[PDB]
Amino acid sequence: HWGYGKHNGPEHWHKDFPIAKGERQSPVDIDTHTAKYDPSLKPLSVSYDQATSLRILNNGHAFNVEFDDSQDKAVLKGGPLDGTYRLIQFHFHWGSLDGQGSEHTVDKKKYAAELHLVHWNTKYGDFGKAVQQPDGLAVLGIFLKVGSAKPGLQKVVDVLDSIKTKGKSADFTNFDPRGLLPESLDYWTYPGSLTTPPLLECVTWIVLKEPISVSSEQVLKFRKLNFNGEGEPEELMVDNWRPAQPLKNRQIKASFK
Ligand SMILES: NS(=O)(=O)c1ccc(CCN(Cc2ccc3ccccc3c2)C(=O)CN(CCC(=O)O)CCc2ccccc2)cc1
Ligand SMILES: [Zn+2]
């Protein structure tokens, strides 16, 4: 099955998922001089005050912090979006070294990691329906660079030892995702896809310009996770990122001058 190794990694995915070579694949390089300011874009509205986190899961590709999305509790609206998008989960992609790990790049720069806050358009009723629609999902992407610690990340870091291997989960209630945001909500936006199989072209990407800083100790703990299940030879969960894909006939728009 698909993964991030030499024999099952991103260059192989197209054999099982031919949309990997499609017309609106993600991630992409954000060329900051070619992205055009769109004065028509609204400010993002990130309304996470009522978020209800439930569980954290190692799924063998990353770890997901899952939320109660049975009601409009934590939602993303505004910006390029029409309607209301409910937060279902967040996860990260990261590298084996600080110089790689992000999926999007900025003028070819790779960050140490990238946070994806995944939301689905409530007009489609459930996430599985939403992923079949060109406007079904909105993923808020936030870059991580290594420097000072991010206090709001530490509760995530400290539970990772309890979910070291594929298929392990742990209770993860009362986590506030507002503690993972940078100060500014300036962003780039473009139409794209899921960055893992099935690579469905259902995502409005909203990538924040301002990275958050995390400490070396925090990211080192990400890199102690395992792709493998318990009782299997250890394969460190590192470099779980897809590289930039062709932009093709797309425009990246900036919310800011
Ligand atoms: N990096 S990213 O771009 O942000 C990014 C990349 C990938 C994803 C996830 C895609 N994903 C796999 C999937 C999704 C759809 C598929 C459709 C057909 C065939 C295979 C598929 C595989 C799921 O969410 C699986 N969920 C089950 C795992 C769980 O519940 O833990 C379905 C949840 C669900 C909810 C309601 C109805 C049905 C399903 C998100 C973000
Ligand atoms: Zn992701």
Side-chain angles (χ1 to χ4, degrees), residues 1-32 35 57-65 88-120 127 130-132 134 136-145 166 187-208 211-212 214 219 222-223 225-228 235-250 252:
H1 302 106
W2 71 267
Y4 294 96
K6 304 94 71 163
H7 303 101
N8 68 355
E11 304 310 307
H12 292 270
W13 293 352
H14 70 101
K15 291 176 276 173
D16 281 318
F17 305 93
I19 202 174
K21 296 191 191 272
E23 298 302 304
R24 60 173 277 186
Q25 288 290 291
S26 294
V28 299
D29 181 56
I30 301 167
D31 190 84
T32 65
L57 170 71
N58 179 332
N59 61 23
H61 310 290
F63 62 87
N64 293 346
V65 174
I88 174 168
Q89 51 119 338
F90 70 77
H91 63 272
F92 304 80
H93 306 264
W94 61 92
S96 55
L97 311 158
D98 295 350
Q100 64 200 54
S102 69
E103 298 209 301
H104 295 88
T105 54
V106 179
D107 296 333
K108 302 296 180 81
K109 177 191 172 65
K110 296 172 165 89
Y111 287 88
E114 187 174 328
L115 165 60
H116 290 162
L117 295 130
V118 182
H119 311 74
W120 58 275
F127 179 90
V131 297
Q132 303 175 238
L137 294 195
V139 182
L140 182 59
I142 302 177
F143 296 119
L144 279 62
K145 64 182 301 193
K166 174 162 191 213
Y187 63 88
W188 298 284
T189 183
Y190 74 97
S193 73
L194 304 178
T195 70
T196 67
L199 299 169
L200 293 169
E201 291 182 333
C202 62
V203 181
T204 301
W205 276 95
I206 300 170
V207 178
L208 295 190
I212 60 165
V214 304
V219 71
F222 282 17
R223 297 181 185 137
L225 288 165
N226 284 6
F227 284 128
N228 54 282
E235 311 171 72
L236 295 176
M237 183 179 282
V238 295
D239 293 318
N240 59 350
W241 49 276
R242 189 191 196 192
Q245 301 300 306
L247 188 60
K248 297 190 169 169
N249 185 47
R250 294 180 285 180
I252 301 181

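FYI, the numbering just counts along the sequence from 1. Quick note: numbers below take in every heavy atom, side chains included, and nothing from hydrogens, waters or symmetry partners.
Here the NE2-CD distance, from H119 to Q89, works out to 10.0 Å after rounding to the nearest 0.5 Å.
A donor-acceptor pair is defined here as one N or O able to donate and one able to accept, closer than 3.5 Å; such a pair exists between the side chain of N59 and the backbone of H61. Using a distance-only test at 3.5 Å, with no hydrogens or angles considered, no donor-acceptor pair links the side chain of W13 to the main chain of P18. No donor-acceptor pair under 3.5 Å is formed between the side chain of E23 and the backbone N or O of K248. Within the 3.5 Å criterion, the main-chain N or O of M237 finds a donor-acceptor partner in the side chain of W94. Although no hydrogens or angles enter the test, the distance criterion places no donor-acceptor pair under 3.5 Å between the side chain of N64 and the main chain of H91. Using modelled atom types, no side-chain atom of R24 and backbone atom of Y190 make a donor-acceptor pair closer than 3.5 Å. A donor-acceptor pair is defined here as one N or O able to donate and one able to accept, closer than 3.5 Å; such a pair exists between the side chain of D107 and the backbone of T32. With hydrogens and angles disregarded, no donor-acceptor distance shorter than 3.5 Å links the side chain of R242 to the backbone of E103. The backbone N or O of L199 lies less than 3.5 Å from a partner atom in the side chain of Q25, making a donor-acceptor pair. Looking only at distances, no side-chain donor or acceptor of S193 sits under 3.5 Å from a matching main-chain atom of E201.
Among the candidates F90, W205, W241, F92, the single residue satisfying the ring pair (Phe, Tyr, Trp, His ring centres under 6.0 Å) test with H116 is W205. Among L140, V139, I142, the one residue that satisfies the side-chain contact (heavy atoms from CB on, under 4.5 Å) test with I206 is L140.
At most 12 non-hydrogen atoms from other residues, nucleotides or ligands lie less than 6.0 angstrom from NZ of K108.
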